[PDB]
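Chains as they are written, first to last, in the numbering used here: chain W, 6 to 303; chain X, 169 to 630; chain R, 395 to 511; chain F, 4 to 217; chain P, 266 to 467.
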Amino acid sequence: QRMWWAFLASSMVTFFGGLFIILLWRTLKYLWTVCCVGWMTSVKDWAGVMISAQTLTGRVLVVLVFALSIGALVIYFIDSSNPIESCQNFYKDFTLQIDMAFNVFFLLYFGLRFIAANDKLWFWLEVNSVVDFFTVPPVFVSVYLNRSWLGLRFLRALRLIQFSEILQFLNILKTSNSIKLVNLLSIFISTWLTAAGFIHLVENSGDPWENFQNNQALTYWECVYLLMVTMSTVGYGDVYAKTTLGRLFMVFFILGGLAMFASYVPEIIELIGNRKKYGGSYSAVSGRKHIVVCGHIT
Amino acid sequence: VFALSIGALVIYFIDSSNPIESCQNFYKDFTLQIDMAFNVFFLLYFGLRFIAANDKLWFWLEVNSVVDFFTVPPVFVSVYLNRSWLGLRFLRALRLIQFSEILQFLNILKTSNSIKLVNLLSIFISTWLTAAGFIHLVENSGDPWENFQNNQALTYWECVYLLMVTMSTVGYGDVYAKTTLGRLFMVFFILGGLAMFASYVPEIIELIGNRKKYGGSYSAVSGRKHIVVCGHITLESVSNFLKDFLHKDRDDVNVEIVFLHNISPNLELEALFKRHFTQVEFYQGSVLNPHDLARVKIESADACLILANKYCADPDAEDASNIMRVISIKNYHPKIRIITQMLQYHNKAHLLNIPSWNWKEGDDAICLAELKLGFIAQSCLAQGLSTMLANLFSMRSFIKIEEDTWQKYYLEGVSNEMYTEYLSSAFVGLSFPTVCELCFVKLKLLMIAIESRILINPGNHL
Amino acid sequence: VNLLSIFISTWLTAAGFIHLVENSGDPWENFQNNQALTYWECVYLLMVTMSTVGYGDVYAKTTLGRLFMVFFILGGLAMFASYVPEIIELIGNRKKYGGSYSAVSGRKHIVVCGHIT
Amino acid sequence: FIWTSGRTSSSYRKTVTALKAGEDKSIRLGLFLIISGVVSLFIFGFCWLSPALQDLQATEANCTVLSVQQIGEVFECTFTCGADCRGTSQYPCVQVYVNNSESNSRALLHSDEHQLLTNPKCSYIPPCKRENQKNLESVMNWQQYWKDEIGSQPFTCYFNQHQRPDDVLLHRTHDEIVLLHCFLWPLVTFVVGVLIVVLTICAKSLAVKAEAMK
Amino acid sequence: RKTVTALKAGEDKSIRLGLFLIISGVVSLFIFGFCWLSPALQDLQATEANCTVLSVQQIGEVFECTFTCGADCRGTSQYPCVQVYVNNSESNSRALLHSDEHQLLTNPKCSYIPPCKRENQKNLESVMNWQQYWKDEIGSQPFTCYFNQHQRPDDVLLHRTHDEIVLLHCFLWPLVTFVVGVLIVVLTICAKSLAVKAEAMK
Ligand SMILES: CC(C)CCC[C@@H](C)[C@H]1CC[C@H]2[C@@H]3CC=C4C[C@@H](O)CC[C@]4(C)[C@H]3CC[C@]12C
Ligand SMILES: CC(C)CCC[C@@H](C)[C@H]1CC[C@H]2[C@@H]3CC=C4C[C@@H](O)CC[C@]4(C)[C@H]3CC[C@]12C
Ligand SMILES: CC(C)CCC[C@@H](C)[C@H]1CC[C@H]2[C@@H]3CC=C4C[C@@H](O)CC[C@]4(C)[C@H]3CC[C@]12C
Ligand SMILES: [Ca+2]
Ligand SMILES: [K+]
Ligand SMILES: [K+]
Ligand SMILES: [K+]
Ligand SMILES: [K+]
Ligand SMILES: [Mg+2]
């Protein structure tokens, strides 16, 4: 028996049940009018300070988030080399225990950002909330079931979008050029890796109307290379999508990914290399005089 | 018309999965009856547009007339013959060109950006689908000089994918045209379709995503006061203001700061607001707009601060702009405390004639020229007094270094500011000199004055 | 007219040269690696190469053919990228609001001019 | 890149508070789910159309075997061994001919449509298990179990006089469950999208009534 | 001069169309002419002849035909090879008979191919049927045949592979496009110039 749907159901149920609970609470709050500084604000302020880097504990938490995002991405990269669905012992799988701990920390960081949030519904629809709903619940389900599906785990790469924000929190990024460069690099890499993971999932699991018989055995790095070739418009043709869903995804990505590549790669290359050629200072020579000339130089 | 165009396109999409020519019973084919009715409606809509036309010959040569001549008669022939050919039925996709026009008729599309976006999307999609249908027809029916033997069995969606790959210039080579007519069509499409793709896809992506990041409005918090700041907002102006407002030498104030400005903040201002994430909020709007003033909740703000551009090219223009801002804020809410910077003194006199301008309630016009010339005059009574006064306002921490230099002593002196607070009943009934010599080093506090209200250095008789 | 003439003549001449070079093989290979390519096939290959589509169904295989392909990729893509947009801009410069009003018997009409916005 | 990296000489009432922005984002989401559900329904509909008609056009029948025999010829199956390891092994060909309910004439039995399409010249294929001896043993085992089935029990069979004109199948190759899920979950997406819009408008309009009440 | 009303714009669009049809017809004539050139010369260069069979025999070797079964289903079946040799009107020497140019090109080593009908037995039966009908045709009636000493140097055909009707339609309808384009220009100029005379008459 296969269990792929249990992981996916846990994410869908989490995202939409939370959204419906929030909307029902709103509805019923106003409906009570038909029948008819606080500690809440103090904990909201404390959570907002923790979320920012205004304290030592907040800085430690932000650095931990930065490290654990890369850790989870590396864990997904390790798992991407295995079969699509498998049975594996939680008590004897160090990577599953490490993932379990990482997702505990992300659940806690999610809880802190929820408490700190001003508009809950606005928070529930912030995309790094969506990234947590589509990546945290399936880890819990896997650790409970003693089984894993390599399903939507490529969405972990979207965690790189917050890197510039948490670098600005840590008082590291100050200049506009550096901020823009980090933003562009993060968006480019996360988009590339996420799209590669999705096309990897879709190619390795065939079309349902073809009874999953036309699947193509493509590795994650092969899909990454194919996406790079497609984005740059080189189009070698050695590697390409063959399933109907894969090609349907390829068509929608060709509209967005080429505009991203054509826009971001020149701008990144302009932002880098902005070095001053004439820097440094003169070194005096003993026994030889020197003359400084300034004013109208042409 | 809008619905039936999509209906006919969907009918063509269904038929594109069948053989190229076939016999099918009109009395037992629901899709052929539905197509029959759809084409009756298009014949009627054609007749109405013909009657409404001014120049008939101009109408006969309008391309949606041509699209009807190439799509309506063959449906009639098919319904008469009890047979169908998947011939020029892909021209149905050209019906999407009129979508923007009939949306403008229905008073739905009004803005230029939305009209342009709809036009570009319609032209792109209709061109793509029509070209895909034509290459599908040409590939599935081979070359006449090769006796139709070199035909390639390509599905319509396969041809759509091939056209997308060709337009974007990716050119995988997994799917390509093989017939001579198919390649001849490919060569002419490569000239036009790449120029369309290269032009339209960036422009569509620019038209979408034009969202305002700083929208919304401030949400007041019970038990906590907030302050609205407007006027000259820039990275250095906000950075200097926040250093003095949020300094650790004040007591534990939790006044929120809300900025209102009509320019989107640059990346360095957004980073400055992120470094103050729990104490500063920014909202993009105009102080002259009552909607924006309601957005920043200025009716419940504790005060409104209006910073001025001290280095402006036209002091008169800057004063006029600040006067207009004050007028707008007072007009929205007469009972709002307003603190503003005024470059000149005659413009300050102009401003204080406002009916809602109440200096007793706390309206302060900080006149820069007046205060600076007064400070210069006090330096003429005692040299160094301008420095003495200026350092009493700026919030400064103690700074200490091991070097024995004049700077150490100077910084130790600079560490003090002027404050104001109520004093103990244990000092009521004594003389002002007596409480001064008491406070001086026992409490470590120096008094310049007390609240016949404001009295500068009282005598021994008070 | 200048752009169209230069584009077409360059395209056809380059296609003929690559057709000659592909159909007569390499002298160091003793003319044994020749590829039987028709002139129209070479024209299609040149169009595919110029537009940067690069299907790969048809391509040069001889050493001289590839050496010619490398030098043409430098010039022909810059020509295509420059000329095709400029030609497409030059065409289609039609005035949408031309023509003249046609009076209707029994109905009056009013002409409005000046500051129209 | 594409067109010289897009260069070419530079060719080309408000009483509601902050909650308004979260609610407008909730409308957006609910609308996007409505569009997604409808679009995916059409996409899956075009993909399932030919398989579903090729399945529907095949009628159920009652069958009985006329004969079981070998044609003496042999064919390659592929056998597999981890990573990518494969080789080929022979199997002997059986043919089986069967009584038919629509044409009442000879047709050749094919266990399923994948067997028909992988070797239309032959009636059965063994799962390739290394050596030729095990393939022949497994064909002889299936052959003996089919040869004595003479009118024992008219087993049901699937036929299509328009595209399997003298070929017969023992199974449907179209899983009803997989099709059901392909049309159910896009419908669920659409219903969820409607409920999100409805609750967002219900909350938005009740906020105005609860404001005017004060 | 601009006495004509709005009708001027419809008539200038009608001139455009008529000119575009003239250009289309001429361009398509050249395009079809280049595509038909090699097939038409390869057909013209093959002369009509009178033939008689020298012998009918099998070479003992067998070949694959492909047999088909809906969607994409195909497999292969053997057929036995006949060869047939024939008297010739241009070279007066041995040549091998090939029923048509597609048979010559699909298997130039062999004289006939059966339409693949599933099993080998039906292919062999259909070859034996054709073989027996050809073996007794000895001088019975000098059947006409097609030959080309320059590109079918010892090969002979029973049929022309070039349909005259398909070529006729490929050159007729571009000519019709051109004639219609001329008549549209002519009637548009005739209407435009008579409108000026009917205006000056008032
Ligand atoms: C508290 C909320 C967020 C939990 C999220 C819902 C998830 C966890 C729910 C939804 C459907 C549930 C699954 C439904 C069916 C099975 C199969 C059974 O053999 C073990 C339990 C298991 C595997 C359930 C595990 C929990 C589950 C996956
Ligand atoms: C975590 C998921 C599953 C449940 C979400 C909890 C929901 C039902 C509850 C818990 C606390 C509630 C929030 C408490 C405070 C506010 C601030 C007010 O100005 C708007 C409503 C809002 C935002 C409430 C909305 C509903 C709410 C978010
Ligand atoms: C539908 C096809 C078959 C026939 C079209 C009808 C023909 C015969 C007739 C009917 C109505 C006529 C039009 C009626 C009115 C005008 C306006 C006038 O100032 C110039 C002639 C013009 C433009 C006529 C042209 C010819 C015309 C279009
Ligand atoms: Ca101090
Ligand atoms: K390219
Ligand atoms: K390419
Ligand atoms: K390519
Ligand atoms: K290629
Ligand atoms: Mg706040």
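Heads up, the beta-carbon is just placed ideally off N, CA and C, and yes, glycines get one too.
| Item | Value |
| --- | --- |
| Near-chain P residues of the segment 169–202 of chain F - C-beta to any C-beta below 9 Å | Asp169 and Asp170 |
| Beta carbon proximity, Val239/W to chain X, threshold 9 Å | yes |
| Reduced DSSP secondary structure (H/G/I, E/B, other) of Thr7/F | helix |
| Interface positions of the segment 12–26 of chain F facing chain R (Cβ-Cβ less than 7 Å), listed along the chain | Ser14 |
| Length at least 4, wholly inside the segment 87–151 of chain W: the alpha helix (DSSP H) runs in chain order | 99–121, 125–129, 132–138 and 142–150 |
| Neighbour flag for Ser494/R against chain X, beta carbons, 9 Å | no |
| Cβ pair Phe566/X, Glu580/X closer than 9 Å | yes |
| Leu428/X versus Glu449/X - alpha carbon distance | 9 Å |
| Pocket of ligand 7 defined by Cβ to heavy atom distance under 7 Å | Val239/W, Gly240/W, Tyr241/W, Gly242/W, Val338/X, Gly339/X, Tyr340/X, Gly341/X, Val447/R, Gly448/R, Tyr449/R and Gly450/R |
| C-beta contact flag for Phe78/F and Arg89/F at 9 Å | no |
| Exposed unless 16 or more other CB atoms sit within 10 angstroms - verdict on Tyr195/X | exposed |
| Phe237/X beta carbon near ligand 3 (any heavy atom closer than 8 Å) | no |
| Proximity of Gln509/X and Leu475/X at Cβ, strictly below 9 Å | yes |
| Inter-residue spacing [alpha-carbon to alpha-carbon] between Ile481/R and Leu282/P | 21 Å |
| Proximity test, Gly23/W beta-carbon vs ligand 2 heavy atom, cut-off 8 Å | yes |
| 9 Å Cβ cutoff, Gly9/F in contact with chain X | yes |
| Beta carbon proximity, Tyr438/R to chain X, threshold 9 Å | yes |
| Distance cut-off 8 Å: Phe145/W Cβ against heavy atoms of ligand 1 | yes |
| Check whether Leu177/X and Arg260/X have beta carbons under 9 Å apart | yes |
| Chain-order list of residues whose beta-carbon lies under 6 Å from that of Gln57/F (same chain, five-residue window excluded) | none |
| Chain X contacts made by the segment 23–47 of chain W, where a contact means CB separation under 8 Å | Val42, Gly43 and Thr46 |
| Paired residues, beta bridge with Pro345/P - DSSP | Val327/P |
| Test item: CB-CB of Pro370/X and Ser268/W under 9 Å | yes |
| Reduced DSSP secondary structure (H/G/I, E/B, other) of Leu322/X | coil |
| Own chain partners of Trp395/P with C-beta closer than 7 Å, once the 5 adjacent residues on each side are dropped | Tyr377 |
| CB contact flag (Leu13/W, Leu165/W, <9 Å) | no |
| C-beta atoms of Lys411/X and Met563/X nearer than 9 Å | yes |
| Residue-level contact to chain F via CB, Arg339/P, 9 Å cutoff | yes |
| DSSP state of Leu511/X mapped onto helix, strand, coil | coil |
| Cutoff 9 Å: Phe295/P Cβ touching any chain R Cβ | no |
| Nearest candidate by alpha-carbon position, reference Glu404/X, set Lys416/X, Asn434/X and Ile622/X | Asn434/X |
| At least three beta-carbon pairs within less than 8 Å, the segment 473–488 of chain X to the segment 393–402 of chain X | yes |
| Cutoff 9 Å: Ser476/R Cβ touching any chain F Cβ | yes |
| Minimum Cβ-Cβ distance from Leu119/F to chain P less than 9 Å | yes |
| Length at least 4, wholly inside the segment 194–241 of chain W: the alpha helix (DSSP H) runs in chain order | 225–236 |
| Cut-off 7 Å between Cβ atoms - residues of its own chain near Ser57/W, not counting five sequence neighbours on either side | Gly63 and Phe174 |
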